[PDB]
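Presented below is the structure to which this report refers.
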Ligand SMILES: Nc1nc2c(ncn2[C@@H]2O[C@H](COP(=O)(O)OP(=O)(O)OP(=O)(O)O)[C@@H](O)[C@H]2O)c(=O)[nH]1
Ligand SMILES: Nc1nc2c(ncn2[C@@H]2O[C@H](COP(=O)(O)OP(=O)(O)OP(=O)(O)O)[C@@H](O)[C@H]2O)c(=O)[nH]1
Ligand SMILES: Nc1nc2c(ncn2[C@@H]2O[C@H](COP(=O)(O)OP(=O)(O)O)[C@@H](O)[C@H]2O)c(=O)[nH]1
Ligand SMILES: Nc1nc2c(ncn2[C@@H]2O[C@H](COP(=O)(O)OP(=O)(O)O)[C@@H](O)[C@H]2O)c(=O)[nH]1
Ligand SMILES: [Mg+2]
Ligand SMILES: [Mg+2]
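Chains as they are written, first to last, in the authors' numbering: chain MH, 1 to 431; chain AH, 1 to 431; chain 7A, 2 to 50; chain 7M, 162 to 215; chain AI, 1 to 437; chain MI, 1 to 437; chain 7G, 51 to 100.
Right, here's the structure in full:
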């Protein structure tokens, strides 16, 4: 029974997971009390992927909730669908580092790693085969970023055969929402590269653009953003839980993506996202799903796919759809936009299809794009990092606790090497 | 028709037997008035193990309550389920022990010894089988220790074949609660080694740890801390007073657990110990019972069982469960941690399953471990006794009642002999 | 908009003026514990369990 | 409780897989109409031998 | 005329006997109160039940078993359960204090206080008997009641009934799985005295039935009920030749004369085929060749002993149901050509088969299915020497330090009896080696 | 009694099995619960099922199939679907983790855990039979279990069973349509077992069947269900000469001998070609000449390579229904005197004509018209080298700069395996082009 | 939506048709040695002799 254990780190990861465990609970017919008020046996047949038996026919999430201060977990518990979580996975410290990667990694965040490792081992012990580990966090703080990467390193050390994947909300090209996010991101990406199997980088600017441009959504708040992210998670993990004509687990996605082991930062996407008053004007068909999936202004990252070449593209479909139409559209987008595709990989598009769509929709589709355009994001973060580092801005908050300049230089060198690798594989020819 | 008489000695012994006779009365469905208000005939079938049928249908506990001052016996008779005891077994002394072992062994407790032996002789004469004698008491008191050891010595003289088990709250690793505790414990474990068939050492600090770190409870008080001892005392003899798949009474436990006549000091364990906010979140199964038993936290007498080796471990399960998982979990523990078991005894686990769980749980388990980790406790008591005895502090209060320091240097030497024997049987190779 | 869906979930906080939190989690002395279970939710509204 | 019989409203069910939908338990009517294996051939209308199934 | 009484001693023996007697009542159509239904017929003659049940004048079939235990728990549960009006009250006889996993306690102190009464009950059964073909004795090698009292009963029965056969249905401890800690002591002291006073001892281990229930019956979490039902099927398949006529009938003395080469090697293995469930029984042909090939599989043995490590002496095949004595010969011819199944060089024909027409009886609310045919395989292998060798290893490992010896020696037992048992079991090692080479 | 064992490996194998055993049951009258009434059997059938199904002796017809998939999704969909009680539970075999489009994870790790269990089930299904003709293996080259595990399994069948004929109905990647990225690697790596562990290697292309469905059956939106139904029709038309009567009926080895000229050349094309919708079948004769010309029309092939760029070497016709040989001979003469059909010079006569007296059966809800005549043509052409070369170039474009190779290297499969598979692919291509010239 | 098109789908309502189309119940198959297991007909005879 292949199954994923889930982890949220930081307040961004906690608020993302607090809606992810709502959308998959609604997919599997789980009321907030924890029971199963479902509609079919193909809602409980693979409910063990994310849930565990407790008592009285009640299902608990297999989720580990991490923070260095119970600020957002109080809101998670107080909100709806917050009483389904077991109150032993709420791992917290009394410190609250906040936006210091060093304080979340080396100092005070590092005495919580033993307890959260103990609870993660306890959750993984109740698993027959343990398909994967997934983590939601952000590269803009110290608890989501630093403690999250510490968790990734420890889990990769304990289980060096498992699909350890992360979503992570990456820092934005506009605004900052955090002054020291260049430092946090360039110290977190250095750990993401060597450890994670794949990372589905999410950008809040792209989410805001999706909310206004594609969903109208005059007052979006963070609920619709977390809903879009959670729908992307559910579409990624759908074929692990529901039957389909072409199943695809996370390992199958990892095989039909990253070709060279240090290139696993993907731009995710979702379809259909129809406007607030355009449903009688839109046509819900497979070509329209394909068009909105491959539309450049529909990704949940702020990296333009037309400024680079798609290495690989994973299209995960859900619903009653004809495979000839699906494969015809997958071939047709490459044939009509062959400029944004590497010639040395024939058929860059992995295709998966499942039979069970989300409730209320006939069809759905998720985009996962490995392109040579996330180098724009890494170039942005590298430039914003070196501008601060050439004048030693905010470096005393790291050197005082115990960091040195060597870690910063190693992280910058590795990240610029990643940028050069992406540029090389963009400029590589067929022969 | 196997049956056991029960004795409570001293303040701690009376206050623990007060809730022992309440928990097992709840198990047997006996009203606080003394009548039977149960719902199953399995309760009434083996009820003569601990109860005598008085005229009118009321069941009287077969217990003798001994204290040198009447306050604690007034307290237990005033407590809930305290009116069920016969007032003819409420022998009191005029004076007070004063936490002096001599005042309770060689003086005033040695004139109440005739009355307690008359009462115990009457209760043991009104029998047909007489399995044995339970003594609930604490080391570190006057009548808890001295009068208790006098009782065990006299009863061992009268009946040198019946199973004698003491439940022995043994003094504390940290803090004091009594200044002459090493004196009393050193003078008492001599008689315990010489006389008792089996002894269940109990620490208040380990009890505090299991009510706080595991059972939460905020303020744990003495009621919960005595309920957690009553659970062990019920689960020892549940196989005696209930049917089961594999039965194991006191003589089976003694024969399987002690390899040598002096190695009869056990640390107990009870392991459906869940927080009140986490009862509805846990799948109460045999593997989780096994994991909670074989945990260093869950012992009730300090002595982290990883500095020594398990000579023998008894596991008494109560519930409708599977013998296959029972034996495979006991085997998996030994195979995974074979370094913590002695190599000259194969399969150091005696199992039992007794069908009927305690009222309120679907299944339960009792852990009885004869580890070599009690060398730490006996060495600590020896060190404290030597520290107070080298300068001869508080020695006039014991030598004014007739004793001499020959007896103290005798008891310390025999404690050291016990420590050396446990060291020898710990680090002994198979060849 | 009965099915849940992305974008079909409006603002539930509109009109509310009291957003008081409650400390569900707190170290007792050195052990982390859930000190809630009787404390209400955001704004003092009653929880389920 | 209604048995699947290829209904217009049963095509709107999203919880039955396509394999279960296309490979279904065929009824007496569905096997006694045109998928009935009667078929006139030369080798049957001229009364050849009925070994092995004809 | 061919009745053979049974003695269920110990808790394991009592529970196994409860399952066995439920199976026998269902086989012969006797209701739990002891009466025929008189409004429906199970089908049969007049002496099919007259090997385990003795008919009374009123029409009540009281059985031919003595349920004895020194502990008042399991026998009282039998006395309270649904088969309470079946057994005679002086058959459910019970001591007052348990023997406490102690062979010396069960053989010297508590056993002698009730062995006279169990001999009296056995004598009163054998007096109304007329054609006694043996004593079945159901027990485990656990300790005390199943070890010491069973041993004492073996010597007393051998003294009283001299030439009468005494078959054992004995539960052997697993190589790794065991309950008690003094089990090597109890097993070696039981073997020391059953080797001199038993004619045959079918060993049925627990871990092997655990494996069988996990793999074949698709129950990865069983209890003792399924184990006792399978042991009941084993003994029913053994004793069905005394109840139902067949093509080839094997008598209880025929088992001993065609299974036991020398009067030291009387420890046959146990195997049942097919141990199949109703969800998968009706999809198989379950032919004679299939059920014969399933007997020689190492995973299907009812003891934890790999037969590929040893050499077969003799196999007793017992076929029940829709079996013609031609497919048995074909299956034996196919098996005897295999080079993996190695027989001893001094036994050219190493098979004795018994064909019976009555199919095995399915128990309602049980785990097995209603099968057309089944077969019970009882084989004498030199591979069983490894169980004795590892028991020697455990006995040496404990007796080197003299652990637990004080419990035995302090209550009427010399210290040299442990060494006597050790040297007899080492002599048995040498005997299996000599008859193997 | 001319039994054949059907082994369906991978999701593509299992779904073909779902669409194929449905056709087999509805052709032989087998209910989904496992009984033949009388009505749905072929007239004079009686035992005509006895090459796909086996009696249990009581009425149950258990199919002779092994469904294998390391992923437990589609096999449990089989276990939940309408043929729930038809299959023996041991015939449907799952792992825990799928190979995830990785030949290494299908062949060296993960997949090297249940191959022995699958082989034991195949051995049970083999010695249940008496006249086993061979094994029909259904899988895909998309990757993982259909390539690595099917490679390992068919390898061990090749070294075990020997003289039994191992037909392969392999699914091939298309020239342009592909549902995965690592399909060129997973298809190059498995050419050895189709090259040296298979007696015949019929291949189908999903894009070609899509084009056939769009042109002929008027389905503008076809799917895997229709694809697998067409494949099942091909296999039924192949195997019906083992089931029913016919004039020149073939028996597997017959058309192997009449089809493969050399041991290295065993990769023919299979065209079932009265393929038409009912509305379009209302306006044609569907005569013998029409259904013979439709096979040689290079737009009704199930592999996207027209044979006009190559030469035919051996064509085996398998006709079904009211097809008198006097019309088949005229159709063969017309085919021989056709311009564009060019036969190789060293094959003067190259037509193995077989006729069966049984028209095709139609599934309710199906997309094919109910015709009375059928042709399944198996032709050995020098035009599958086009598909071989397309695979070769798509593999070389990736292996030039070593994309996705770390996944294969980190799970066994040393780096030289890619070069070795490429080299034997080039050798097979050289053999076909030198035969063509 | 017009009053025409709102009149249905308060009667059709595809959200309330989820999981409503259930499978046909499978009739079981039992062999005749299990269905007629332990079923014996008893008759009483006369059997005169000279
Ligand atoms: N198959 C099976 N084995 C049992 C059963 N009950 C006990 N056993 C076996 O018996 C062994 C334990 O020793 P027992 O036979 O129970 O000892 P006893 O008969 O109760 O005699 P005393 O120990 O003196 O009470 C275990 O290892 C089990 O394998 C049972 O119900 N079924
Ligand atoms: N014709 C047809 N082809 C199918 C079908 N299902 C899958 N395929 C083919 O299978 C290829 C994908 O590889 P799979 O067969 O799914 O891989 P697998 O054998 O299941 O092994 P895994 O990689 O572990 O899943 C696709 O390219 C399809 O061409 C089907 O139902 N009909
Ligand atoms: N999409 C989304 N982003 C969030 C949410 N909460 C915080 N963020 C982002 O997280 C970044 C701040 O990092 P933070 O979560 O505070 O790091 P932490 O201190 O370790 O928890 C900001 O740039 C926000 O855009 C949320 O609920 N949804
Ligand atoms: N478990 C438990 N221990 C107790 C209780 N009351 C006192 N004690 C322990 O008993 C010891 C005192 O022994 P005491 O009963 O006063 O001996 P006495 O003075 O001779 O009667 C102290 O060290 C306490 O730790 C109780 O209610 N429960
Ligand atoms: Mg017993
Ligand atoms: Mg698959």
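Quick reminder that beta carbons are idealized off the backbone N, C-alpha and C, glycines included.
Measure from the alpha carbon of residue i to the alpha carbon of each residue in the options, then state which is nearest.
{"i": "residue 262 (chain AH)", "options": "191 (chain AH), 31 (chain AH) and 25 (chain AH)", "result": "191 (chain AH)"}
{"i": "residue 352 (chain MI)", "options": "173 (chain MI), 65 (chain MI) and 375 (chain MI)", "result": "375 (chain MI)"}
{"i": "residue 11 (chain 7G)", "options": "427 (chain AI), 349 (chain AI), 370 (chain AI) and 424 (chain AI)", "result": "Any property of residue 11 (chain 7G) remains undetermined from this structure, which presents chain 7G solely from 51 to 100."}
{"i": "residue 179 (chain AI)", "options": "6 (chain AH), 346 (chain AH) and 430 (chain AH)", "result": "346 (chain AH)"}
Less than 6 Å between C-beta atoms, sequence neighbours within five positions excluded: which residues of the same chain meet that for residue i?
{"i": "residue 222 (chain AI)", "result": "213"}
{"i": "residue 21 (chain MI)", "result": "63"}
Name the chain AI residues that come within less than 8 Å of residue i, Cβ to Cβ?
{"i": "residue 98 (chain 7G)", "result": "Ordered by position in chain AI, no residue passes the 8 Å Cβ test against residue 98 (chain 7G), which lies about 22 Å from the chain."}
Using a Cβ-Cβ cut-off of 8 Å (strictly less than) and excluding sequence neighbours within five positions of residue i, which residues of its own chain qualify?
{"i": "residue 196 (chain 7M)", "result": "187"}
{"i": "residue 372 (chain AI)", "result": "286, 321, 322 and 359"}
Alpha carbon to alpha carbon, how far is residue j from residue i? Give it in angstroms, no decimals.
{"i": "residue 133 (chain AI)", "j": "residue 255 (chain AH)", "result": "39 Å"}
{"i": "residue 59 (chain 7G)", "j": "residue 16 (chain MH)", "result": "35 Å"}
{"i": "residue 297 (chain AH)", "j": "residue 376 (chain AH)", "result": "16 Å"}
{"i": "residue 288 (chain MH)", "j": "residue 295 (chain MH)", "result": "10 Å"}
{"i": "residue 378 (chain AI)", "j": "residue 155 (chain MI)", "result": "39 Å"}
Among residues of its own chain, excluding the 5 on either side of residue i, which ones have a beta-carbon nearer than 7 Å to its beta-carbon?
{"i": "residue 56 (chain AH)", "result": "none"}
Using the beta-carbon of each residue, which ones in chain MH are nearer than 8 Å to residue i?
{"i": "residue 19 (chain 7A)", "result": "Per Cβ cutoff of 8 Å: no residues; residue 19 (chain 7A) is ~13 Å from chain MH at best."}
Interface residues of chain AI around residue i at Cβ under 7 Å?
{"i": "residue 256 (chain AH)", "result": "101, 180, 181 and 182"}
{"i": "residue 432 (chain AH)", "result": "Outside the shown range of chain AH, which is 1 to 431, sits residue 432 (chain AH), and nothing can be said about it."}
What in chain 7M is Cβ-close to residue i, meaning under 8 Å?
{"i": "residue 243 (chain MH)", "result": "178 and 180"}
Run down chain MI in chain order and give the residues with a C-beta less than 8 Å from the C-beta of residue i.
{"i": "residue 127 (chain MH)", "result": "What residue 127 (chain MH) touches in chain MI: nothing, since even the nearest Cβ is about 11 Å away."}
May I have a chain-ordered list of the alpha helix (DSSP H) segments no shorter than 4 residues that lie completely inside the stretch 235–276 of chain MH?
As far as the stretch 235–276 of chain MH is concerned, its whole alpha helix (DSSP H) runs of at least 4 residues are 250–255.
Taking the runs of the beta strand (DSSP E) that are 3 residues or longer, which of them lie wholly in the stretch 42–83 of chain MH?
DSSP runs (the beta strand (DSSP E)) wholly in the stretch 42–83 of chain MH: 51–53, 59–61 and 63–67.
Going residue by residue through the stretch 226–290 of chain AI, where are the continuous beta strand (DSSP E) segments of at least 3 residues, counting only ones entirely within it?
The DSSP assignment places 271–273 as complete runs of the beta strand (DSSP E) inside the stretch 226–290 of chain AI, in order along the chain (cut-off: 3 residues).
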